[PDB]
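Numbering (the authors' numbering), first residue to last: 4 to 64, 68 to 226, 228 to 231.
C-beta: ideal position from N, C-alpha, C; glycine also.
Report on the structure given below.
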């Protein structure tokens with residue numbers, strides 16, 4: 004599965020969402036170069052205006071593109087599940103607000119790495135930070151904690167995202183994630199470790215559709 008990521012791999016992302024009954028779709032295209040832990044993607048809201056802030060969707064919108075140091079290669083669950091793929095489920099709890107529940111499949115379709123996602127958001131406040139579009143268009147760096155989930159033959163991941171608001175407060179988004187293989191082939195169950203992630207958000211000055219350009223670098228690390 005690691006051999007599939009030695010070069011530049013095209014990526015396709017499709018999200019079908021519904022948040023407090025607001026339906027929307029997002030499509031994304033770009034490419035990933037896992038040797039450098041690098042992702043380059045452009046996402047479009049194909050249904051018109053996106054009803055939630057772009058930053059709230061970043062985690063949902068392919069951890070197989072992380073750079074795993076040579077010394078940690080035995081801990082790369084994400085690549086090991088390929089090409090058959092993995093199921094990625096989350097609940098994201100927005101503090102003092104609603105939650106997203108997502109289910110995605112990440113796998114190859116021919117040469118393309120595809121991330122197909124369904125998202126449902128419930129219990130959001132209609133003039134809160136999410137539905138009221140009060141989050142800054144930026145993104146902090148942080149560490150993602152990966153643990154084996156031996157019983158489920160997969161991993162559990164927990165992490166908190168802090169979305170900056172212009173008063174100097176943050177909107178917390180607490181993530182609980184599970185990943186399981188689609189195939190029944192062998193996978194790598196890791197020891198506890200983390201992914202250091204950084205994300206830069208931007209706009210295409212020639213793009214009239216509601217969109218997000220995203221550049222991300224991710225490198226694993229482990230404590231000895």
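Query	Result
Just the Cα atoms here: how many angstroms apart are residue 169 and residue 150?	15 Å
Is the separation between the beta-carbon of residue 63 and that of residue 123 shorter than 8 Å?	yes
Quick check on DSSP: helix, strand or coil for residue 180?	strand
With DSSP collapsed to three states, give me the class of residue 113.	strand
Looking only at its own chain, which residues have a Cβ that is under 8 Å from the Cβ of residue 5, when we skip the five neighbours before and after it?	79, 82, 85 and 86
Using the DSSP secondary-structure output, state which residues sit across from residue 153 in a beta bridge.	162
Please report the residue range of the alpha helix (DSSP H) in which residue 84 lies.	83-86
With a 10 Å radius around its C-beta and 16 neighbouring C-beta atoms as the bar for buried, classify residue 74 as buried or exposed.	buried
So what's residue 102 in DSSP terms, helix, strand or just coil?	coil
Inspect the beta-carbon positions of residue 224 and residue 202 and report whether they are closer than 8 Å.	yes
Per DSSP, residue 187 forms a beta bridge with which residues?	92
How many Å lie between residue 161 and residue 77 at the Cα?	20 Å
Using 8 Å for Cβ pairs, my map puts residue 95 next to residue 184. What's the rounded Cβ distance?	5 Å
Among the candidates 42, 50, 98 and 193, whose CA atom is the shortest distance from the CA of residue 182?	98
Measure the CB-CB distance between residue 113 and residue 188 and report whether it falls below 8 Å.	yes
In whole angstroms, what separates the C-alpha of residue 49 from that of residue 230?	43 Å
Let me make sure I understand the geometry here. Which of 110, 35, 154 and 133 has the alpha-carbon closest to that of residue 126?	110
Measuring from the CB of residue 201, is there a heavy atom of the ligand SAH at a distance below 7 Å?	Because no ligand of any kind appears in the structure shown, any question about the ligand SAH cannot be addressed here.
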